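Spelled out, the chains give:
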Amino acid sequence: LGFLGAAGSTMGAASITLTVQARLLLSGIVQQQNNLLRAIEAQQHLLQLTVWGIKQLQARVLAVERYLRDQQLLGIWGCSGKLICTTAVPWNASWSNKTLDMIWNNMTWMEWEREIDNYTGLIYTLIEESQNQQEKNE
Amino acid sequence: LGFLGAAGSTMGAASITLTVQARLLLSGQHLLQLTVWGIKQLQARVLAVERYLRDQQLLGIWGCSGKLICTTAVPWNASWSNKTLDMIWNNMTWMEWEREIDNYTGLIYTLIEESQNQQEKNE
Amino acid sequence: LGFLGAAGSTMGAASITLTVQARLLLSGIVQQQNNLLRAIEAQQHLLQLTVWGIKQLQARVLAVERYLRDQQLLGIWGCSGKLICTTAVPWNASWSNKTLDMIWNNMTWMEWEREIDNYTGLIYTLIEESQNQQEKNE
Amino acid sequence: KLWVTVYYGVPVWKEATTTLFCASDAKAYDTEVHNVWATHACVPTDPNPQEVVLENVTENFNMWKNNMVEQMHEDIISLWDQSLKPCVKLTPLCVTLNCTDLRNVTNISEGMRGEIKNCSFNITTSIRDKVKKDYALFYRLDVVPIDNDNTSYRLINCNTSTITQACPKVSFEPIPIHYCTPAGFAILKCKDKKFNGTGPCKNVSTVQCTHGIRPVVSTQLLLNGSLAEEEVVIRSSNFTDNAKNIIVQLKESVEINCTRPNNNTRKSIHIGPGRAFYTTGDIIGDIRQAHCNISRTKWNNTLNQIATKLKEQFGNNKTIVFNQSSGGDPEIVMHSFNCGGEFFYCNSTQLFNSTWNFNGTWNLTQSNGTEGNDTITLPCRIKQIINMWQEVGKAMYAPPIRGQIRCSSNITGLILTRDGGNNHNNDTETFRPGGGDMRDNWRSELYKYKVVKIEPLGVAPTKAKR
Amino acid sequence: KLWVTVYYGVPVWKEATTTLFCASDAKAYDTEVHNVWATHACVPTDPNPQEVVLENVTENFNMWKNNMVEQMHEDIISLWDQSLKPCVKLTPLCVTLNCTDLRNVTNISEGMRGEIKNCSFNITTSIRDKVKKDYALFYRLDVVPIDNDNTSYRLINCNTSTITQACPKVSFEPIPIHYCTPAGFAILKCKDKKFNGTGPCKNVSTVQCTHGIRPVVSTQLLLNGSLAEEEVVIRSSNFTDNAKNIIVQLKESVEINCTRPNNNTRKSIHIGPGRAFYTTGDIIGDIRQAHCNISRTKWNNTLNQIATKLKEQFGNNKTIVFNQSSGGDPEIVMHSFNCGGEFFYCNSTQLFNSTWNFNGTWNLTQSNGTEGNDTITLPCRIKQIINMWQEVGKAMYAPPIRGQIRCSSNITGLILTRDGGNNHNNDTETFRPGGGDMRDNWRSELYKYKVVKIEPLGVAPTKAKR
Amino acid sequence: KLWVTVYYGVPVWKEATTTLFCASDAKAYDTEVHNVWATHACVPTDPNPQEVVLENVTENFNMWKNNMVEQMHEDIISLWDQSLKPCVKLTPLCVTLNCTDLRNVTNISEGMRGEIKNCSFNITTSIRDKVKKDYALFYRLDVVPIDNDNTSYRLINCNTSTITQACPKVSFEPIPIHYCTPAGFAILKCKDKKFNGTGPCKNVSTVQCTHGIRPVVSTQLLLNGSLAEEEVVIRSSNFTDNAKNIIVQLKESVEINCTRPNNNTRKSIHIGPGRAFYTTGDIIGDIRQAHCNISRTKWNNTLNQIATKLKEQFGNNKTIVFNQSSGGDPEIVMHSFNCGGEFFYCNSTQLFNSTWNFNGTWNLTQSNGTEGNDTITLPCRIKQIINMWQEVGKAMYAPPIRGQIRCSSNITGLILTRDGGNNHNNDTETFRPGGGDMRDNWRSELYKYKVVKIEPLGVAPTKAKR
Ligand SMILES: *[C@@H]1O[C@H](CO)[C@@H](O[C@@H]2O[C@H](CO)[C@@H](O[C@@H]3O[C@H](CO)[C@@H](O)[C@H](O[C@H]4O[C@H](CO)[C@@H](O)[C@H](O)[C@@H]4O[C@H]4O[C@H](CO)[C@@H](O)[C@H](O)[C@@H]4O)[C@@H]3O)[C@H](O)[C@H]2NC(C)=O)[C@H](O)[C@H]1NC(C)=O
Ligand SMILES: *[C@@H]1O[C@H](CO)[C@@H](O[C@@H]2O[C@H](CO)[C@@H](O[C@@H]3O[C@H](CO)[C@@H](O)[C@H](O)[C@@H]3O)[C@H](O)[C@H]2NC(C)=O)[C@H](O)[C@H]1NC(C)=O
Ligand SMILES: *[C@@H]1O[C@H](CO)[C@@H](O[C@@H]2O[C@H](CO)[C@@H](O[C@@H]3O[C@H](CO)[C@@H](O)[C@H](O)[C@@H]3O)[C@H](O)[C@H]2NC(C)=O)[C@H](O)[C@H]1NC(C)=O
Ligand SMILES: COc1ccnc2[nH]cc(C(=O)C(=O)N3CCN(C(=O)c4ccccc4)C[C@H]3C)c12
Ligand SMILES: *[C@@H]1O[C@H](CO)[C@@H](O[C@@H]2O[C@H](CO)[C@@H](O)[C@H](O)[C@H]2NC(C)=O)[C@H](O)[C@H]1NC(C)=O
Ligand SMILES: *[C@@H]1O[C@H](CO)[C@@H](O[C@@H]2O[C@H](CO)[C@@H](O)[C@H](O)[C@H]2NC(C)=O)[C@H](O)[C@H]1NC(C)=O
Ligand SMILES: *[C@@H]1O[C@H](CO)[C@@H](O)[C@H](O)[C@H]1NC(C)=O
């Protein structure tokens, strides 16, 4: 429930006041589903190890691992706050010599990120440097 | 003082000592061979983790993101067993507060997160 | 990558520059390597309750436990922020009657951290009480 | 100038692999008796399915490299393995058998069938010193003559492998199963009316769980499966490569009425401490062979719909042939399936006997007043011992079921196999029944779904400075 | 007006269920001897127990639907199954036995007991080719007359149930166990002096872990168990219903001195590659029946203690009757327990033959002139083969123990069953020893504890705006 | 005045224990050698190892209570047990054997060796009434004489326990393994040129993964191991305690060329459904005994090196003695190892026959023109059945390998045993080959590494107020 419908929507149009509210609603729904799963299973004690029991345990471990990964990254470079977060690194236009308005009105998130993957390494490394910078400025 | 020592005392005094409970639920025989109690302990610790991170997630999703204390914007409805303040603070306990705020607690939770989304929309 | 090489250098000299620069190299690089290993492992699959699958499963479970525990510790006393955190607790000179210059430019971390292995519990509990007082004021 | 800005929770995913779990809501769990292997494990299904419709999306699909197929394939295999593992081992019953004809040569109602054999044999009891000469009943398909002797016989797979009987309490009635992903992943569903199995898809939807599959394994014809829409749809990895199989999905169900008209007695003999082999006691009344009832008109109409689409595939100017199966092991050569825990083997020769003329079809069988020779009766037989389809060994005996047995199910799909030869100018493309693969039955059901991992962190250059 | 204010870590808990793990202490791990029970699996117990007393709390308790009693029982059964799973299988030894009286007719010291039987038999050796006629000593309880005559015998369970002997290296000496909850849960302890098992409780404490239980399975009696303080407490699910079992807790220990006065030899015979059946070699000296020693005045003091509390329960004007169970299974009918890996069956008829009267009661035995007929001596016997109490299958064999066996334990509680009949105006309430249930032994141990989940998040209005 | 200030990520470790996992590069997986007792379960090793130099730390080490030794010990034990657990059971073959000379009395080329025995025997197959009189081949080491007639024989391990043959598809070639810790821990490496095994260390380096070990177990010798630097090094818990073993690390590799000059045929006989015992068909050509080729001068010079370090250890004025082992089980008494899936037992005499005098050494044999009696030939023999070293049960049979077998490896270390006696004024310290321990082989590898947990959080007063 609350899965984003902005997958077809153009990244920029979708990002402004169309996807931010849904993103947090989606997180709340997944949290409610996880709570429902953990309470029913505890009441049933049907979690005794068997092939299905191993398959569901692994899936839960993977899920928590993945979420913790995301939150871990998100915190460790200074965005402990909310989904949207600015940063200090100037965006070297060389990465994609393209203008903002056209990209926002025409490009979508999936096709956007797949031609950025080359420079994603560079931008993230520059970000960690900006964190270091501001921490040795304070 | 104590994991459940505050219980008998009123909610206001419980708030002062609410940090000793926050240290509990930490959720942390390094080898875990598939024998008997070893796996029992593994399953138990794996559950405890979900419990914490569930509560943690709600906090972050709400306007709180920070532990022990957090205030809100939803007005309290008369309908939700409204009394006074000396009543709901200096007279009665957290345990039996749940008794009358139980079908209401879910209504209150839905209210807080709808307002939190609404304030984000306004910002 | 980015491991601890400041142990030999006096606590103070490491604290002024090395701890700040290494912090991110210690928080991000280690986590990124773990994430890459997990992603390749999940795609490879072949994760059965064999002699080895159980070992690495417990390994990553221990890893997540230890990381989460540190975050809970920092979060409960107000270090929900980052590396550098002050406190309101005055350092009792009865615990350790040593001048700052000797503590910083003569003594390192391992030797010093062992010296407080009796006062440490008292210190932390006081940090919790001070945090509660700040909660009352705001 | 710009500074990068990040957005957690952007609509981005990536084709990936992961583990899945099942869901059996609560109807199976309510009975709490004769628990099936799937029932006591699956997590209750969420009452409200969520199917978010996606627009302006042309994601590519290819079912022949779908990871979830193989995963669920080894899932079902391991589940059966553990489900049957702890119960009885049948290795000591492998001796010589002294057998008569049926109950008696006194037959009214088919004659000498040979399907009971009243085989006698010497066996060792639970007490080591004690030994007893006992008798039991067996079908022709469950015994091989040995020693060139009319009286001598042995089980089929003694000199090959081992056998362990099915464990009597557990039921063999399938139930719907819903595969559900853990968080951070989603399943994409291609909702287009027609899809050939590989390519871009216009109608795309996002779900967290699949619809119930109700796992059924059959040879030649799909059963209790899903239906196509507005027409029959064919899927092949490479139509020019005749070596690969053909997948057929029908747009109407076809009712099939199979039964085992015999009153049976479950006589139980002990061969060990907990070892209690279950055999047939006797038969009350005449021995009528098991059979399936099928309508004629409906069959023609649906098979003619197939003919047109198959013609359309390989060029208009063709003549169609439906020869019977070449040969081999019993499953692929002759129609087989399961019903109430009894494995039926039906002779579907009369089912595939058709030669559509390039210029004789397009006229269905619209016989309104029928009231007669309208039911297609299938000669069906019983085999109690069944081995692993892929593994050479690992066999399993089927305990007899007391009383009368009858199922009625829904034929939803066929499995076809094109054979090349003198069909170039003849234009006589011949199709024979197929099977023998555990993956294809479910390939027929998983083509519409595919799993994607969800990567929410995204980056966007923006001129805002912190 | 008010705005809700969130608070993490508040005293709300909730009735709940969860999984628990044991603690055996560092010392059990330090001995590291044969992993008796689950010595290694158990986590080292915490040095400092934490028992935060809770005041102002009236929590209700009910031990008859406490789930951890069921949890503990299943855990014990699983641990025993794991211990006996790799043990030597004993199925082949089930043959006919050719038995003499015991050893010899040269009895002095009790006469014809029949407890050795020097049974001989024909058995296959490790090598299939060689078969050797061997012997073994067996108690009268172990072998039933079979095929009638006089000289044919066989084990009690053969066709009925398989047997696997106890592995020799492991020991059965129980050790204290501490159940400990994972984080987010707690155990509540009702600390009141007298509790009838269900109702509100005044004195309450939250504890990190339960005290050592040292699980002991015994019938008609409770050994090595917790003692009620300052009173004797009688508990039952339904006092009105005679069928419901009655549990009696005691306020003093009673010392019991059981022994097996026989010097034994462990003769070991191979029946397979790793199969090494262990039997008794012979007996050095005279054969004396096992005998438990018990003081008179002390047991009587406790019989009077039961009486008073019992006639305070069912109305003053009653006459009390103590009768043994007329019909029962061998474990149920008479007293049985374990000692040094040897299962004793004692005839507790002299502990349950008392007719307390309404008048003349309340005077205790203050006999200062003792030094004599002051020991209740119990006729005790040995059974080596014991079967699952509940499941009709899965029997074990007890290997013999060399040398002398002696125990001295601590009698702390009773199980009694009320029987109804001509007791209305007679007022002759009759009570009989009970047992045969694995749960009841631990129902008394876990009565004061109950588990609760802890939910930290609470919400309360306050006028502070953010 | 000061207020404490907290830091997250200070350089503070602590002595600790934890679990580790492996990393077998990709090369074994790139070859698909079908899971050689530890392949597909390992994670791919990181391309770029990170060995951070430590400065100004004198961390103490002690290898004799390093836990990872024991951990990896039991790891190897369970890893081997689970590989041979699912394949063939080899109990039924234990019968009497009727055996000839070798294959034939026609011997050219050594004479009466007795190493083939052409043993015949009656056995039972899958079908259990068709007894089969079959033959096979066995070595003199594999078969014991029971009944000292002439041609009456049995497999040595039928009194002890059970046998299960190695499962043919899996190979035995070891591959490098890298132990890697989970996050929050590190491994410290003592990089000093010479280390006695216990004490402070000057050169320290933190890695996260150990270098490949390539697990190899051998007795009296160390093979394809690691090398010392500039000198032979010598380690012992208590040198005075002659009871403890002595580990010797070498500074040069020594080439060893072992071979099995016999063309072999793998004749396969079924004894069950899936039971297919593999035996030797025959030998093509002459029977040349397996042997190992070793250079003289290298061995002499390296033995000189050890002697000098040993007369630095126990005082200069000594005379050195190298007597052969005392006795016992085959492994430690005479040299043994593995090669291409065949366990060789080489007669170690010519190696340890040396009495380097107090006044006769210090001249290495630098023989230039040799071209002759320069190769040390080792009489080596074959045993196919090998048991557990410590436990008495759990034995395996090694299937024969077809064709020619030949390995060439690098000797790198020694195990020795000091024997005391009349050596005080004689000064004739005598040392013999050792072995029989699984730990020591790896103690020789893991001496340099030790694990430490990392706790990042540290406190320090500072005058800054919040
Ligand atoms: C456990 O403790 C109990 C309590 O002490 C023991 O049982 C008690 O036994 C005494 C008798 O020893 C009994 O007292 C009798 O009570 C009856 C009713 O209250 C009275 O009828 C009786 O008076 C006389 O008559 C009885 C026959 O009707 C005689 O049996 C009895 O001995 C009395 O005999 C009188 O006359 C003779 C001869 O002149 C004289 O020697 C006697 O002293 C007496 O004057 C008694 O008052 C208690 O009622 C019993 N109590 C209970 C609870 O049963 C029991 O033995 C102890 N068990 C063990 C193992 O030690
Ligand atoms: C219980 O029954 C067993 C049989 O299962 C008896 O064992 C047998 O006892 C006889 C008599 O002592 C033994 O024969 C003797 O052997 C010695 C030594 O060679 C010889 O000197 C004597 O003349 C006589 O032949 C026999 O070996 C022995 N067998 C075994 C397997 O132990 C046993 O004596 C009986 N014990 C009692 C107490 O009744
Ligand atoms: C391996 O290395 C050792 C070390 O050199 C060789 O040992 C010995 O070498 C010396 C010098 O050749 C021999 O000394 C002889 O001493 C006797 C009495 O003192 C006398 O005849 C001469 O003075 C002579 O130099 C010595 O015999 C010899 N062995 C001893 C006992 O030390 C050894 O030869 C080398 N080779 C092999 C294959 O063993
Ligand atoms: C004989 O094996 C077994 C048979 C049955 N159950 C078992 N359970 C563990 C086993 C072992 O692991 C073992 O005892 N083994 C000895 C050490 N070993 C070697 O490689 C080796 C052998 C000889 C000389 C030097 C090294 C591995 C293995 C063969 C084991
Ligand atoms: C439990 O509740 C009682 C009743 O309020 C508390 O007893 C009072 O405590 C206050 C302050 O400690 C005293 O001033 C009163 O005189 C006490 N008695 C009363 C009000 O009757 C008690 O302290 C509470 N204990 C806990 C642990 O919560
Ligand atoms: C280890 O100790 C040595 C000796 O003090 C350090 O070497 C000197 O370090 C200081 C400051 O760290 C420099 O000013 C000197 O120039 C260095 N040279 C000398 C005199 O040796 C070394 O840096 C220390 N290593 C660490 C980083 O712990
Ligand atoms: C960005 O700059 C490069 C300079 O080489 C130019 O070639 C490219 O066309 C520019 N992008 C656009 C779309 O203007």
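Counting of residues begins from 1 for each chain and follows its sequence as written, which need not mirror the entry numbering; any residue without coordinates is not displayed. Both sets of labels track the order of writing: A upward for chains, 1 upward for ligands. Side-chain calculation: all heavy atoms of the structure are included, whereas hydrogens and water are not.

1. Notes on the environment of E110 of chain E
Residue and element names in this part refer to chain E. Only runs of H or I of at least four residues qualify as helices and only runs of E of at least two qualify as strands under DSSP, and these elements are numbered from the N terminus. In this structure, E110 sits in the loop between β5 (98-99) and β6 (119-124). Think of it in three bands: with a 1.4 Å probe and only protein chains considered, a residue is buried below 20% of the maximum accessible area for its type, exposed above 50%, and partly exposed in between. Classification of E110 as partly exposed rests on a relative accessible area of 32%. Separated by 176 residues in sequence, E110 and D286 have C-alpha atoms that sit 9.1 Å apart. For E110, the contacting residues outside a window of four places in its chain are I287, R288 and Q289. Polar contact criterion, stated in full: a pair of N or O atoms within 3.5 Å, where within protein one must be able to donate a hydrogen and the other to accept it, and residues adjacent in sequence count only if both atoms are side-chain atoms. Within polar-contact distance, the side chain of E110 engages the backbone nitrogen of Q289 at 3.2 Å. Throughout, a residue-residue contact means that at least one pair of heavy atoms, one from each residue, lies within 4.5 Å.

2. Re the interface of chain B and chain E
Taken together, the 57 residues of chain B in the interface contact 53 residues of chain E. Defined here as a combined quantity, buried area equals the accessible surface (1.4 Å probe) lost by two parts on assembly, summed across both. Of the roughly 4900 Å² buried between chain B and chain E on both sides combined, carbon and sulfur atoms contribute 71%. Interface area lost by chain B to chain E is led by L4, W37 and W94 of chain B, which between them contribute 18%. What counts as a salt bridge is simple: a side-chain nitrogen of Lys or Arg found within 4 Å of a carboxyl oxygen of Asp or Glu. One can count one salt bridge joining chain B with chain E. Between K40 of chain B and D75 of chain E there is a salt bridge, with the nearest N and O atoms lying 3.6 Å from each other. At the surface where chain B touches chain E, the tally comes to 13 residue pairs in polar contact. Listed by contribution, the elements that provide at least two residues to the side of chain B that touches chain E are α1 (11-16), α2 (18-23), α3 (37-61), β1 (70-75), α4 (86-90), α5 (94-100) and α6 (103-122) of chain B. It is α3 of chain B that contributes the most residues to the side of chain B that touches chain E, twelve residues altogether.

3. A few points about the domain arrangement of chain A
All names here are of chain A. Those domain boundaries reflect an automatic or database domain assignment. Here the domain parsing of chain A yields domain 1 (1-46), domain 2 (47-84) and domain 3 (86-138). With centres defined by C-alpha atoms, the gap from domain 1 to domain 3 works out at 26 Å. Three residues, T10, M11 and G12, lead the burial of domain 1 against domain 3; their summed loss comes to 73% of the area buried on that side. Counting the contacts that link domain 1 with domain 3 gives zero salt bridges. Summed over the shared surface of domain 1 and domain 3, the number is three residue pairs in polar contact.

4. With respect to the interface of chain E and chain F
Residue-level contacts link seven residues of chain E with 14 residues of chain F. Between chain E and chain F the total buried area reaches about 660 Å² when both faces are included, carbon and sulfur atoms providing 42% of it. When residues of chain E are sorted by the area they lose upon contact with chain F, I127, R128 and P273 of chain E head the list and together hold 69% of the total. Here chain E and chain F share zero salt bridges between them. Here the side of chain E that touches chain F is composed, by residue class, of two nonpolar, two polar and three charged. Three residue categories are used. Nonpolar comprises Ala, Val, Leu, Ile, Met, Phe, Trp, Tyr, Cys and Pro, charged comprises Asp, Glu, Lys and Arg, and polar comprises the others, including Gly.

5. A word on the packing of aromatic side chains
Only centres within 6.5 Å qualify two rings of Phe, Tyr or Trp (six-membered ring in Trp) as a pair; their planes then separate them into stacked at under 30 degrees, edge-to-face at over 60, and tilted for everything else. The full count for this structure, using the stated rule, is 41 aromatic pairs over all chains. An angle of 45 degrees between the planes, with centres 6.4 Å apart, marks the rings of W37 of chain B and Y179 of chain E as tilted. Pair noted here: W37 of chain B is in helix α3 and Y179 of chain E is in the loop between β10 (163-165) and β11 (185-190), and the two residues belong to different chains. Each member of the pair, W37 of chain B as well as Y179 of chain E, is classed as buried. Here the aromatic rings of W37 of chain D and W80 of chain D are separated by 4.4 Å at their centres, their planes lie at 45 degrees, and the arrangement is tilted. Taken together, the residues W37 of chain D in the loop between α1 (27-31) and β3 (52-54) and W80 of chain D in helix α2 (residues 67-84) connect sequence positions 43 residues apart. An aromatic cluster is present here, built from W299, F322, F352 and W356 of chain D joined pairwise through their rings. Put simply, a charge is over a ring when the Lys NZ or the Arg CZ is close to the ring centre, within 6 Å, and near the line of the ring normal, within 35 degrees. Above the face of the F314 of chain D ring, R418 of chain D is positioned so that its terminal group lies 4.7 Å from the ring centre. Geometry around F61 of chain E places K450 of chain E over its ring, the cationic atom sitting 4.9 Å from the centre.

6. Examining the site of ligand 2
Residues and elements named next belong to chain E. Whether a residue is near a molecule or strand depends on its heavy atoms: it is near if one of them lies within 4 Å of it. In the vicinity of ligand 2, the residues found are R103, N118 and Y135. For ligand 2, an oxygen atom lies 2.8 Å from a polar atom in the backbone of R103. For ligand 2, an oxygen atom lies 2.3 Å from a polar atom in the side chain of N118. Computed with a 1.4 Å probe, the accessible areas rest on the Shrake-Rupley method; for each residue, only the protein chains presented here act as cover. Its free accessible area being 770 Å², ligand 2 has 24% of it covered by the protein chains.

7. Description of the arrangement of the chains
By contact count, the dominant pairing among the 13 pairs of chains in contact is that of chains B and E. For the non-touching pair chain B and chain D, the nearest C-alpha separation works out to 13 Å.

8. What to know about the sheet that holds strand β12 (residues 204-207) of chain D
Residues and elements named next belong to chain D. Strand order across the open sheet formed by five strands is β2-β26-β10-β12-β3, with antiparallel pairing between neighbours. Across the chains shown, the open sheet's two edge strands, defined by having one partner strand only, are β2 (13-15) and β3. Taken over all neighbouring pairs, the strand axes of this sheet differ in orientation by 40 degrees on average, direction set aside. Of the pairings in the sheet, the one linking strand β10 (residues 185-190) to strand β26 (residues 449-454) comprises five bridges and is antiparallel in character. Directly across from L188, in β26, lies its bridge partner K450. The criterion for strand pairing is that DSSP finds at least two bridges linking the strands in question. To get an axis, fit a line to the C-alpha atoms, keeping to the stretch in contact for a helix; angles then go from 0 to 180 degrees between the N-to-C directions.

9. Looking at the environment of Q208 of chain F
Within the secondary structure, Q208 of chain F is located in the loop between β13 (204-207) and β14 (222-223). Along the primary structure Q208 of chain F and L188 of chain F are separated by 20 residues, whereas in three dimensions their C-alpha atoms are 8.8 Å apart. Not counting residues within four places of it along the chain, the set of residues in contact with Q208 of chain F comprises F3 of chain C together with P49, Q50, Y179, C180, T181 and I187 of chain F.

10. As for the nonpolar core
Only buried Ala, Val, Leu, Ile, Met, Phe, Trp, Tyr and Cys residues count toward a nonpolar core, and they belong to the same one when joined by side-chain atoms within 4.5 Å. Ranked by size, the top nonpolar core spans 81 residues in total, and within it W76, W94 and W97 of chain B together with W91 and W109 of chain C carry the most contacts. Other than its neighbours up to four places away in sequence, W97 of chain B contacts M11, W76, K83, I88 and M92 of chain B together with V459, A460 and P461 of chain E. Within the second largest apolar cluster, 40 residues are counted, among which are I376, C380, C407 and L414 of chain E.

11. Focus: the state of the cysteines
All names here are of chain D. For the purposes of this analysis, a disulfide is any pair of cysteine sulfur atoms at a distance within 2.5 Å. Here the structure, examined in full by the defined rule, presents 30 disulfides over all chains. The residue that forms a disulfide with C94 is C158, at a sulfur-sulfur distance of 2.0 Å. An S-S torsion of about 135 degrees defines the bridge between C94 and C158 as right-handed. With a relative accessible area of 7%, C94 lands in the buried category.

12. Quick notes on the pairing of strand β22 (residues 375-382) of chain F
Residues and elements named next belong to chain F. By the alternation rule, side chains of β22 split into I376, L378, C380 and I382, which are all buried, and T375, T377, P379 and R381, of which none is buried. Bridge count between strand β19 (residues 291-295) and β22: five bridges; the pairing is antiparallel. Residue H291 lies in a different strand from β22, and its bridge partner there is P379. The pairing of strand β21 (residues 342-346) with β22 spans three bridges and is classified as antiparallel. Bridge assignment links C346 to a residue of β22, and that residue is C380.

13. Thoughts on the side chain of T302 of chain D
Within the element layout of this structure, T302 of chain D appears in helix α3 (residues 296-313). Contacts of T302 of chain D, omitting those with residues within four sequence positions, involve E252 and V254 of chain D.

14. As for unusual backbone geometry
Residues and elements named next belong to chain E. Positioned with a positive phi, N224 is a non-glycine residue whose angle comes to about 55 degrees. For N224, a relative accessible area of 23% puts it in the partly exposed group. A positive phi angle, close to 30 degrees, is found at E371, a residue other than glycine. Among the secondary structure elements, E371 is positioned in the loop between β22 (342-346) and β23 (375-382). A residue is classified by how much of its surface remains accessible, and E371, at 69% relative accessible area, is exposed.

15. Some thoughts on the packing of α2 of chain D against helix α5 (residues 438-446) of chain D
All names here are of chain D. Contact geometry of α2 with α5 gives a least axis separation of 10 Å together with a crossing angle of 130 degrees. By the angle between their axes, α2 is oblique relative to α5. The way α2 lies across α5 gives a crossing that is right-handed. When α2 is examined against α5, the residues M68, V69, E70, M72, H73 and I76 are found in contact with a partner set consisting of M438, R439, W442, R443 and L446. When the residues that make up the contact of α2 with α5 are grouped by side-chain class, the tally is seven nonpolar, one polar and three charged. The cut-offs work like this: below 35 degrees is roughly parallel, past 145 is roughly antiparallel, 65 to 115 is roughly perpendicular, and the gaps in between are oblique. Should the near helix be turned anticlockwise from the far one by less than a right angle, the crossing is left-handed, and should it be turned clockwise, the crossing is right-handed.

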